[PDB]
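Student: Handing you a structure now.
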């Protein structure tokens, strides 16, 4: 309508200037004799979520304009849809809340409450806005999201729809948010509660491995449930392998990290095995994305050199840019592991992680941007008809 | 359209949060051993202009919705109109520039330029955005405004249209902006130009009197030109009297102020004469506004107790609220003069002036809100047909 567009404008404006204020306050008012990592490590989750919602708004716009309809694919209702302006405004609202909480963490405005209650309040509100039992604030769509989250987190007990698969895949890309939330739990359980601001931050007690692999587990058991429902082995078990490689990569990385902390002689072999398993996982997921989840590299593409037989997005350069971006964004782990194992600053692993997490969300953006199109065109996953 | 509404939202959001930041920086970072008056006295002009443009946007909305059409009255073009969202976004843009300049005056961001260049740059841009000789930034409407300003400031040489009269009246209400601009000229001509930040601020050399009465002069000579064009004495010379009273009030206030500064014995008589002349001016303009410029208090109003015979604005309470607001806003000078002449803080006259100038702009808001309606209904001024 019109009021929705005006609210998109209001929230986007407040957000851009809050970001300017936040950058300025971070460059200037950053004495911070204490360590600042227990703050950005807790706010990385909110940041990844807000960036993901912005990019999902852009995805919905691209779908609706290019021609690929997501009202039938997603099993939504042909009317009472959710345009992209709605996603933009709700992401902007969560961004306003994120920036306000972060500013309250920078300047301590109120002198009676400690500065550790602002992340707690921000995430408590982000949860209450989603479990809101009233008849307001996107009642229908938000409760559809709740039904979807309940049917995807209890995966091997329900029939696989396209929304289930799609949200399981999104959660498989946003693993840093789950790591963030479990880290916030661990911290607020294991930190002094007097005036300011370790066991976790490391893979010591294995909770990091479980939390990082739980979306891979979701998608793995989901595709196994689909293979039990139907009877076909090509796009089900070859798909389960892609998420078994994530299991193995996380396990070996955890063992290597704990052995490097303990300094045992079993560190180099586990490091090499982590290297080779992330290599096979990245090659696997790259081939899969370029072959099935996108349908590219078709056998009879005609004048289109490396594409399908037909296309929806007008500029053919978009697809080549997407191929390059998906082979660069994925495989960016090499820079990470090299710069962390070539004698850099002590606190640099988290620098690289925070730098490359929004880049991973961008990769998931592009992947959606093309997967919904391929699903509308070729019906890759046998979800309908 | 839609992009215009989104830009209204963007600018309104940036503006509200810039206002919050500005209020906070004014309450907290206000050491300011020096006097702060040469800053708010220079920014009051921009503030009154931005508030006036917001309220003119609201006026255009009220006109277009209530039914009173301003496309024929204002001699504009029935197509290529200017909706209220355009006024809102351009006022928001000037507000963004105002808030940015004021913040740059609070925090000195750049260390090489003195803090007196920001008001100069703000108003230089406000003038360049209006004299812009390109084919962009509201080319047609802005050059219509230039033609109107040139035909109204050279009043006694052109035929009086409704736009001429209306802008002369608006300028007759926004006299504080002209006082502000002449004061900025005087200051930047009579202030040290080394690192920071009197003859004016007072009515000493009479420039304040001339500047404060020049819109009254505009409207007076304009109604005299109209009386020469037509031949009718009721709504022309009785109208010229209303702006002759402003001449007399300003003259007597200037004489009283200069004699109080010089402490002569002629101060009390001039103060009493200023009192009585502002009394007669306020009663005159109140009776005129309630009788002719609004058409209220009709002789045959029917069931409507104190109104016209017909009305356009639905809630009848709006009109009574407007009568009360126009008899309160006008006549607010009594509080000013009493609190300034009953032994209050030295710097309090400018406090009261800055407090009551936006209130005067609000009075002009309501006056327009009803005058355009009465003009569409009864054709009070013989402007058409």
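Shown for chain B, in order and in Swiss-Prot numbering: 230-426, 438-625.
Method reported for this entry: electron microscopy, 3.5 Å.
For all residues, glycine too, the Cβ spot is worked out from N, Cα and C.
According to Swiss-Prot, the record shows the following:
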- B:260-264: topological domain 'Extracellular' (TOPO_DOM)
- B:265-296: transmembrane segment (TRANSMEM)
- B:297-309: topological domain 'Cytoplasmic' (TOPO_DOM)
- B:310-337: transmembrane segment (TRANSMEM)
- B:338-343: topological domain 'Extracellular' (TOPO_DOM)
- B:344-365: transmembrane segment (TRANSMEM)
- B:366-383: intramembrane segment (INTRAMEM)
- B:384-388: topological domain 'Cytoplasmic' (TOPO_DOM)
- B:389-422: transmembrane segment (TRANSMEM)
- B:473-503: transmembrane segment (TRANSMEM)
- B:507-534: transmembrane segment (TRANSMEM)
- B:535-553: topological domain 'Cytoplasmic' (TOPO_DOM)
- B:573: site 'Gating residue for phosphate transport' (SITE)
Student: List, in sequence order, the same-chain residues at least six positions removed whose CB sits under 8 Å from that of residue B:573 (site 'Gating residue for phosphate transport')?
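Tutor: Those within reach of residue B:573 (site 'Gating residue for phosphate transport'), by Cβ under 8 Å and sequence separation of 6 or more, are B:518, B:522.
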Student: Check the deposited model and tell me the whole-number distance in Å separating the CA atoms of residue B:426 and residue B:438, where 11 residues are unmodelled.
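Tutor: It comes to 13 Å between the two flanking Cα atoms.
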Student: Is it true that the transmembrane segment (B:265-296) and the transmembrane segment (B:389-422) have 3 or more CB pairs under 8 Å, sequence gap of 6 or more?
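Tutor: Yes, these stretches are in contact.
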Student: Which residues, given as numbers and ranges, are at least 6 beyond the ends of the topological domain 'Cytoplasmic' (B:535-553) yet have a Cβ under 8 Å from it?
Tutor: 291, 295-297, 559-560, 563, 613-614, 616-618, 620
Student: Which bits of the chain, at least 6 residues beyond where the topological domain 'Cytoplasmic' (B:384-388) starts or stops, bring a Cβ under 8 A of a Cβ in it?
Tutor: 397, 458, 461-462, 464-465, 469
Student: Quick test of the contact rule: Cβ under 8 Å, at least six residues beyond the ends. What residues does that give for the transmembrane segment (B:507-534)?
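Tutor: Same-chain contacts beyond the ends: 475, 478-479, 481-482, 485-486, 488-489, 492-493, 495-496, 499-500, 563, 566-567, 570-571, 573, 577, 581, 607, 610-611, 614, 620.
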Student: Residues of the same chain, at least six outside the topological domain 'Cytoplasmic' (B:297-309), with any C-beta under 8 angstroms of its C-beta?
Tutor: 289, 369, 373, 390-392, 395, 552, 612-613, 615-617, 623-624
Student: Same chain only, please: residues at least 6 beyond the ends of the topological domain 'Extracellular' (B:338-343) with a C-beta under 8 Å from a C-beta of the stretch. Say none if there are none.
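Tutor: Beyond its ends, the topological domain 'Extracellular' (B:338-343) has Cβ neighbours at 422-425.
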Student: Excluding the flanking five residues on each side, which residues at least 6 beyond the ends of the topological domain 'Extracellular' (B:260-264) place their CB within less than 8 Å of a CB in that stretch?
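Tutor: For the topological domain 'Extracellular' (B:260-264), the sequence-distant neighbours (Cβ-Cβ under 8 Å, at least 6 residues beyond its ends) are 425-426.
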